[PDB]
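In: Can you look at this? It's an experimental structure, sequence on top.
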Amino acid sequence: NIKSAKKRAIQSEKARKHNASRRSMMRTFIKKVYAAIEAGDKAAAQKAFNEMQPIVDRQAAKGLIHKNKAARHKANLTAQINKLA
Amino acid sequence: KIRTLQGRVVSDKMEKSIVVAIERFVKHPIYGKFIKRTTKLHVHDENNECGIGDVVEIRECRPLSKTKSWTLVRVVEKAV
Amino acid sequence: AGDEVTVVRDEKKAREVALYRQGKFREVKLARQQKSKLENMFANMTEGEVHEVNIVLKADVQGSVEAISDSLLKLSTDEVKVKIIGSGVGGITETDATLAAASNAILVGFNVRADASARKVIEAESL
Amino acid sequence: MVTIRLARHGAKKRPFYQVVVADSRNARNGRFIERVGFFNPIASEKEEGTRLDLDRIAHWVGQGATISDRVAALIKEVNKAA
Amino acid sequence: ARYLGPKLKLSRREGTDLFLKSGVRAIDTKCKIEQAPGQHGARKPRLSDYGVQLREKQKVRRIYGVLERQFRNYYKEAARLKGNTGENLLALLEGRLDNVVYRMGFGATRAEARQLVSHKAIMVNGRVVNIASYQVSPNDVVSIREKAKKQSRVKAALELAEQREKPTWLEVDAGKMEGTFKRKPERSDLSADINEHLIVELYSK
RNA sequence: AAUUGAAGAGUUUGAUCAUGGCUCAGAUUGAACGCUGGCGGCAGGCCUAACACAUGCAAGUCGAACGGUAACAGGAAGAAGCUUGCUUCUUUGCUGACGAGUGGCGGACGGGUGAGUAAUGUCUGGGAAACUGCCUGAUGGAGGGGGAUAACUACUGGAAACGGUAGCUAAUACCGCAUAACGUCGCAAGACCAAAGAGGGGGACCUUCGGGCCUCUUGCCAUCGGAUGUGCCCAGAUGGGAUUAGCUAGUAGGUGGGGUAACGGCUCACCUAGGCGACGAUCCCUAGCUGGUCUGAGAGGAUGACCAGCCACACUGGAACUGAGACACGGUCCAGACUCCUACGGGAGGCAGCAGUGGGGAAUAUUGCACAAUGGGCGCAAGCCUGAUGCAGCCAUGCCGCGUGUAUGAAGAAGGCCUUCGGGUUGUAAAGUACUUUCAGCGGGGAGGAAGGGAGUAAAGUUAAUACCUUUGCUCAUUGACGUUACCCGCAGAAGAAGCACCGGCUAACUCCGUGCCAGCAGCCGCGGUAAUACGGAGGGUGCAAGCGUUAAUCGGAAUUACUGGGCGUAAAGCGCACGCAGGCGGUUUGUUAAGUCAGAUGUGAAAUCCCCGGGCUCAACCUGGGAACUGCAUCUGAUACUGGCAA
């Protein structure tokens, strides 16, 4: 407040709005993956899986979605689709 | 030989699970009498079919659900 | 108010003078303690028709508290005697409200007002 | 992270430093892994003044520890007194 | 610190001199020796078991010239030591610098000896020492300093220095104003003068 | 070198012996009060309202990540008045820079506090299913492009705080694509994920003569490792109360889905019906804990400020973001209490940071100085910041050192006090004489805390480069906040410097006068009603000392809750008596196991600290080397008499 950390105040907000937008796209895609899994179309599930893999590792490298979470997602969402296929 | 202990059952129905009473003998520091202290532990065990009076060997493990961080290894005899 | 400030050599010596002046204020305390008993024999009131008023007073300015307290002891009659107990300077505090709770008196302050630790006594017993 | 640094436990206008390996996020007198030497400012004509086990310090430096500037000078001083 | 009173009043109360005068006179003449220490003091010699303990405590303190808190500090220090506690007590009492000055005879009295240590005249192992309660150790040379050595103060002492006691727990010169402390004082040097087996008991009353 | 450690007295009766309480002598304190107080060293100093706060300060930093001139300091060109060769004044990022701003990292550390918190915490010993900034070792890449936007300009709303509209512009900011195993996910085949440049100098090729390009330094990225740090889990131990006896629905377990960095009722859905409980659940009251400190002969008890470790909290209440790390002491949002400013429309705050103030209370401090040193933040370094820290101020609070003179001195002066009025005492004390001058007072001198860093040189290493830079030597300039430093030398002259309690018995130390069961003394039993060794006063005496005494506080003494280490016929104390479950204990013989127990070994048991042996501060206190202690615990290997288990 009193000291010059008004800079850090505006820095966290802009990065938040940036990260939230990518996290929003990340989740809307993962639910549209899990839509296909709930639907039981194994080809459309695998097509949607082939859609999410670049994006999930890309956010993992950006780091906001975080590394071991991203790997556990690719593992978990594999395990349903390769029962379906 | 990696860490293990030994006790008795007193466990009803409970799938993949057993509870295990471990008795030990401890000196009270002031008066010096040795009194038997009872450390009751919840235990995991798939294929749960130990008898109530059965006496069981035991070992530590990861949390296998809460309170259950021990696992059985061998059981001596069958009580009834 | 109305007397002399002088700059001095050292702080330690002006503790020792101040403690001598406190001894002098104790000489003025013992003077004011002796005077009341020998003026009329009694500790307070000579005749049996006794009435008094007590007040507790704090003015914001210390020159004022000493002057107007004298003018409140001026106006008194013999039959009902009015007297100050515990003249203060500045804001009303916990112990000031405690004196008029202990012995009944009216608690007044000039431009002076109550503070939180006075309010705590006042909300308990509204003097 | 570990730093080799001098901690001040001596008397008023008469220090006595204790060279020690300790974490950065802990106060000057705070937690440390082990003691490793000592430094009296008045070494004088008595037969000890600066003492520091180099087999411990070169080991911790090799594992990655950095050296405060005084201790860094004192290591290249104290040698075998060579 | 120091007593600062009539010296003979202590000597009559304690019941023998503490050597607070020259020894020309006044152990039998000026003193009223043990006759009465104060105005009603003619009329009692009876005493309690606490009083005989305290009197020897006071005798020893009034000999060595030390206060009750400091004397307690010596008793506590004698206690942690191995070997006899009474013996190490009397060793700590004898081990004072002003006491070695009194033994050398550099100061005629213990008070003049303390004056001489105070006034910066004394050197031990070539250090100067103003502190009265310095302790003199095995293989400590001790001396009065060269600069203003052997003034009228020391010179007057040296005559009665020639023939009193002069024992062997110091090496004594007094020609160039020095001494050497080799052996410690031992039990037979200073026992029976003091009830030491009693004095060591008393703090557990 | 390391086991030398333990006391009792007074008091119930006419008198005695018991029992048994009460009381005192001891040590100790973050102390207060009372009276008195010279100097020095060291240590320590709001334990009350987690009550509220004026004013100042408490973390920012990189132009060597970037637009930039808002600085302002030079230089140059040019435009100009001349001083006529220079000053002057407009331009100009040319150049040493550098505000506001953009980006990165630091803001999650240190510091303060003890409210809540009885274990989810803490301590000890173990563990498995985990992550971990910066910082290092290893192995390799560091390709090619793109779009914005604040600042800044032009408008515009505002009392102020604080903004609005529209364009323009860069980056180690942001976003695509290429590139990708030893990595992630998969059985495999495979799929997919990164990049950033910046800086110094230089021959050659050449350059839209900006640099291309070379070479050095550093940063960027991915991965396997290190050490560190943190999360997690389990056992045992770690306040009080039974006039708290029943307690638990996500409760207890399973399966599956989801969730976290990760185990996990962590959370859902569904299934099952359990879980905890006399070894004290639950509830209530009460409290930060330990290494330790204090006391104690030891065993024990009390205590947890100082110091350090850990935990918890940051006006009240709750949540999330950013980021490696926070559910964030001087960040954010919202809600609440409350406080302030105001042009009244609308805005602002969280000193349990350092100082400091109100209030509280018996009571705990200077609105100081400095980054000189140590340790930090940022940075390549310089450098800058550092109320951490180093220092100083204040206080007899504690510990400890020292002084307030020494020697001589009988006529044993006068006075005071007593006095059988013979004398005695105060008292060698004074007086007098002869001496010394510490520490003060005053005038002179002067260590160490300073090693480094900076700048200049040389070597060596490096390189296409005698370059150029670093490393490693040399040399020269320097670097003290405290500071009138510690410490030393010279001078005058006993000059400047002793008080306080107590004296019936306990308990060391006695008379006289006054008062007269009054006034008062009292910690205890008790003193005083005219001859008071106990009141008041004096004289005398004793203890202790710059302190003394009282009070409050804790342990002791107290074997007076009794493990070590107690009683219970009649003194307090055996249930009215019996049967009986849980519990405690168990004849005698053999075998066996080796839990208890006993032995050995390893690891660990933080350091400070206590103890034992040493060193250094003018000497001690204090500081400090080394050892022991580290009284415990766990695991592992052994022993088999005893107890337990098991077998006959």
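Out: Everything's here; your move. Numbers count the residues shown, from 1 in each chain, chains lettered A, B, ... in the order given.

In: neighbours around residue C:26, how many?
Out: The number of residues packed around residue C:26, counting by other C-beta atoms under 10 Å in any protein chain shown, is 10. C-beta here means a position set from N, CA and C on the backbone, and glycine is covered the same way.

In: quick one: it and residue C:125, what's the gap?
Out: In this structure, residue C:26 lies at 33 Å from residue C:125, with C-beta to C-beta, to the nearest Å as the measure.

In: these two touch, right, residue B:78 and residue B:55?
Out: No: under the criterion of C-beta atoms under 8 Å, residue B:78 lies out of contact with residue B:55, with a separation of 9.8 Å.

In: Looking only at neighbour counts, state which of the two leads.
Out: Applying other C-beta under 10 Å to residue B:78 and residue B:55 shows that residue B:55 carries more neighbours, namely 17 against 11.

In: Dig out what the more buried one forms beta bridges with.
Out: When bridges are assigned using DSSP bridges, the partners listed for residue B:55 are residue B:8, residue B:76.

In: near RNA strand F, which residues of chain C show up?
Out: Counting by C-beta under 7 Å from any atom of the strand, the positions of chain C adjacent to RNA strand F are C:11, C:12, C:15, C:90, C:91, C:93, C:94, C:95, C:96, C:115, C:116, C:117.

In: Next up, the contacts around the first one.
Out: By C-beta atoms under 8 Å, 6 or more residues apart in numbering or on different chains, the contact list for residue C:11 is empty.

In: and the residue nearest the centre of chain B, what is it in contact with?
Out: Using C-alpha atoms, centre = their mean, the residue of chain B that lies closest to the mean C-alpha position is residue B:20, 2.9 Å off. The contact partners of residue B:20, by C-beta under 8 Å, 6+ apart, come to B:7, B:8, B:9, B:11, B:40, B:41, B:42, B:43, B:56, B:58, B:70, B:72.

In: how near is it to RNA strand F?
Out: When distances are taken as C-beta to the nearest atom of the strand, to the nearest Å, residue B:20 and RNA strand F turn out to be 10 Å apart.

In: So that residue lies in a strand, does it not?
Out: Yes: going by DSSP: H, G, I helix; E, B strand; the rest coil, the assignment for residue B:20 places it inside a strand.

In: and it, bridged to which residues?
Out: Each beta-bridge partner of residue B:20 is listed here: residue B:41, as defined by DSSP bridges.

In: And it, how far from residue B:41?
Out: If you measure residue B:20 against residue B:41 using C-beta to C-beta, the figure is 5 Å.

In: Repeat that for residue D:64.
Out: In this structure, residue D:64 and residue B:41 are separated by 43 Å, where distance is defined by C-beta to C-beta.

In: Look at the two and report which has more neighbours.
Out: Between residue D:64 and residue B:41, counting by other C-beta under 10 Å, residue B:41 is the more crowded of the two (17 against 8).

In: ok, now which ones touch the more buried one?
Out: Neighbour list for residue B:41: B:7, B:19, B:20, B:21, B:22, B:58, B:70 [criterion: C-beta under 8 Å, 6+ apart].

In: Out of these, grab the one that's most surrounded.
Out: Sorting the contacts of residue B:41 by how many neighbours each has (other C-beta under 10 Å) puts residue B:20 first, at 26 neighbours.

In: Could you name the helices and strands sitting against the helix or strand harbouring residue E:116?
Out: Here residue E:116 sits within helix E:110-118, counting by DSSP states H and E. In this structure, helix E:110-118 makes packing contacts with helix E:97-104, helix E:152-161, judged by 3 or more C-beta pairs under 8 Å, 6 or more residues apart in numbering or on different chains; DSSP states H and E.

In: Many thanks, have a good one.
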